[PDB]
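Just so you know, structure 1 and structure 2 below are the same protein chain in two forms, each on its own as structure tokens.
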Structure 1
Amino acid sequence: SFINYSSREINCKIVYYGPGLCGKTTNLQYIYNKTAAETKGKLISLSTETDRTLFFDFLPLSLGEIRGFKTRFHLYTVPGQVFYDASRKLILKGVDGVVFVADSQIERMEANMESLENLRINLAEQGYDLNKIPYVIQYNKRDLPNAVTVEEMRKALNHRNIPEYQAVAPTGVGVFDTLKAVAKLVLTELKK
């Protein structure tokens, strides 16, 4: 994070992580769609022609004011397909909080676990520890018929009873819940 005392601005970086097609970019598109002009910048989306994220999405968001400092949250999503790993590592630099977006389809459970170990690895390799940073997990795609139960995703993905949110990103369900949860964990960390 970066605090400009002169301009009274608190800046925090939040990165959405998870496997390919799991819904990271849909989270940001929803947030952008529903936020008044006066609290958001422009949504940058570096994507392929089939809309897969190729480098990152970026959305700057202002969440109000705490003790007369404006809060600016810099939201990123990574490219989730395995072979973008080199680009994916770049986005984690200076991350203040992480949202891990998991796809609830049984056919993507192993992609979820692979992506989660990839987030642990990538953080360790630049000197962070997922067990020690503000972290929430989103079980996205709860609408789909082939979605596994919340309890089986907890067993596969969530060992420290990290805050977990059910979402259906395209309708917005769970999206602002997830953002509010990691944003407050980040702000609680600074308070310490």
Structure 2
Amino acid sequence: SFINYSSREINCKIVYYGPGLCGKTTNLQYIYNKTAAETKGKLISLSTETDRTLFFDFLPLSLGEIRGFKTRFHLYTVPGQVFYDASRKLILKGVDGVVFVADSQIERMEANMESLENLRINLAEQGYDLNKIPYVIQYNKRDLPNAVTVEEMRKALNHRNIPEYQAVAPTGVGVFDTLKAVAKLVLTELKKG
């Protein structure tokens, strides 16, 4: 987080992580579409001249408040396909909370596990610890006939029983619940230290 004690402004960063095509961008699109105009900024895509179609997303929002400050949450996604580790590492810098978006399709379980381990490693490689940071897991794509059962998703991907939400990101199932859960965890940490 960045706290400016003179201007009384706090900026928090939430990163949506997970394997290729798992639903990260779709989460932010639904959040943008369904949030009141007065509490959201603009959802934008970003890429660079070096790889102009390697897109990730940025969306600023007003969620909860810390008394005596203006607090804004900046939501980011990452490029989840395996090759793009360097991009994921750039985006994770300064993260305050993480949402791991798992693709419930059975064919994508290995990719879910690879991406979750990559999250843990990348957090360690910038001095963070996944076990301590505000962190919520989303089991997305619950609508698909090849989705793994929720119990099996939990046993495979949520060994520490952190908060978990079923989702269908394009229709909004679970999307705001996931966001509000991680944002509350981040705010609680701000109020602590």
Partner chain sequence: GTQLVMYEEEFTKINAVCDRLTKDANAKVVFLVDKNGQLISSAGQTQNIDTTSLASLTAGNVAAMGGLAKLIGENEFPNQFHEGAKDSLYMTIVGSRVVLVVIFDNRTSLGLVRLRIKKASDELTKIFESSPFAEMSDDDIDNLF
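Please note that residue numbering is based on structure 1, beginning with 1 at the start of its sequence. Heads up, when I say rigid core I mean the largest set of C-alphas that superpose within 1.5 Å between the two forms.
Which of these two, 1 or 2, is the form deposited without the partner chain? It is the second structure that is the form deposited without the partner chain.
Relative to the superposed core, which single residue of 166, 47, 29, 158 shows a CA shift of 2 Å or more between structure 1 and structure 2? Result of the superposition: 47 is the only one at 2 Å or more.
If we fit on the core, is the Cα of residue 105 displaced 2 Å or more between structure 1 and structure 2? No; residue 105 is a residue whose C-alpha shifts by less than 2 Å between structure 1 and structure 2 when the cores are overlaid.
Is residue 15 one of the residues whose C-alpha moves 2 Å or more between structure 1 and structure 2 after the core fit? No; residue 15 is a residue whose C-alpha shifts by less than 2 Å between structure 1 and structure 2 when the cores are overlaid.
Take the rigid core as the frame of reference and indicate whether the C-alpha of residue 129 shifts by 2 Å or more between structure 1 and structure 2. No; residue 129 is a residue whose C-alpha shifts by less than 2 Å between structure 1 and structure 2 when the cores are overlaid.
Once both forms sit on the same core, give the Cα displacement of residue 64 between structure 1 and structure 2 in angstrom. Looking at the C-alpha of residue 64 between structure 1 and structure 2, the offset is 5.0 Å.
Upon rigid core superposition, what is the positional shift of the Cα of residue 38 between structure 1 and structure 2, expressed in Å to one decimal? On core superposition, this C-alpha lies 1.4 Å from its counterpart.
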